[PDB]
Amino acid sequence: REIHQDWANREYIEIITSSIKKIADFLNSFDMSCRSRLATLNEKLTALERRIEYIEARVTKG
Amino acid sequence: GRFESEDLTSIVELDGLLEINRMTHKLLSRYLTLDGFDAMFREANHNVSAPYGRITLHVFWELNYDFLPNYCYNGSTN
Numbered sequence: 010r011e012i013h014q015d016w017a018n019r020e021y022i023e024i025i026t027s028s029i030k031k032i033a034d035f036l037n038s039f040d041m042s043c044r045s046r047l048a049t050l051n052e053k054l055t056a057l058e059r060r061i062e063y064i065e066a067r068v069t070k071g
Numbered sequence: 785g786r787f788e789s790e791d792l793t794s795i796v797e798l799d800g801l802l803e804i805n806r807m808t809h810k811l812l813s814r815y816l817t818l819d820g821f822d823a824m825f826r827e828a829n830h831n832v833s834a835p836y837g838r839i840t841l842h843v844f845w846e847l848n849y850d851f852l853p854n855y856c857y858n859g860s861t862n
């Protein structure tokens, strides 16, 4: 009967939509995690840049 | 600057204030990143790029002008 076929087809849609939602949720979480790791990496990089500049000024002659 | 605007007896005050600043830097470094206290102190004392800082210059200036011709020694009490 058509009703049973419709139920099966809608089940196919439901699982596919859930898969799509899971991918999007992971994508958002991955973006947040990488950005946090990126931010802390920048914090160390700028600190190193300041420290090397201070060392160069301390050692530069003239 | 506050030390530079007073006599040689403000050395104790400068050391105490410097200790407070160092401790504050240590407390802030717990959650933030900051340059070492020694580098900042040298930056404020103009000692990073020069052999001598401001504190020593003021001490020499005070000795020449005020301390030497306005103080009497007592060897019993040093």
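Heads up: the protein sequence lines correspond to chains A and B, in order.
Going by the UniProt record's numbering, the first sequence opens with residue 10, and the numbers climb by one from there.
Going by the UniProt record's numbering, the second sequence opens with residue 785, and the numbers climb by one from there.
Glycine residues also receive a C-beta, built at the ideal position from the N, C-alpha and C atoms.
Give me the Cα-Cα distance between residue i and residue j, rounded to the nearest whole angstrom.
| i | j | result |
| --- | --- | --- |
| residue 79/A | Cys-43/A | Residue 79/A lies beyond the stretch modelled for chain A, which goes from 10 to 71, so this question has no answer here. |
| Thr-840/B | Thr-808/B | 25 Å |
| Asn-831/B | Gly-837/B | 5 Å |
| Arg-67/A | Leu-816/B | 24 Å |
| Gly-800/B | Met-824/B | 17 Å |
| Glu-58/A | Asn-805/B | 24 Å |
| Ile-24/A | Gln-14/A | 16 Å |
| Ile-32/A | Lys-53/A | 32 Å |
| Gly-71/A | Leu-812/B | 35 Å |
| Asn-854/B | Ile-61/A | 46 Å |
| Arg-19/A | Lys-30/A | 16 Å |
| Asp-822/B | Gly-859/B | 37 Å |
| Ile-64/A | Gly-820/B | 12 Å |
| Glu-827/B | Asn-37/A | 44 Å |
| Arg-10/A | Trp-16/A | 11 Å |
| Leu-47/A | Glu-788/B | 44 Å |
| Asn-51/A | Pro-835/B | 34 Å |
| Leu-852/B | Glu-846/B | 8 Å |
| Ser-794/B | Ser-833/B | 26 Å |
| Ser-45/A | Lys-810/B | 24 Å |
| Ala-56/A | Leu-818/B | 8 Å |
| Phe-39/A | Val-796/B | 55 Å |
| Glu-803/B | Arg-786/B | 15 Å |
| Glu-790/B | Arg-814/B | 34 Å |
| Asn-829/B | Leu-792/B | 17 Å |
| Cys-856/B | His-842/B | 21 Å |
Please state whether DSSP places residue i in a helix, a strand or coil.
| i | result |
| --- | --- |
| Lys-70/A | coil |
| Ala-834/B | coil |
| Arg-19/A | helix |
| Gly-800/B | helix |
| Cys-43/A | helix |
| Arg-814/B | coil |
Counting contacts by CB-CB distance shorter than 8 Å, is residue i in contact with chain C?
| i | result |
| --- | --- |
| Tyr-21/A | Among the chains of the structure shown, chain C does not appear; the protein chains present are A and B. |
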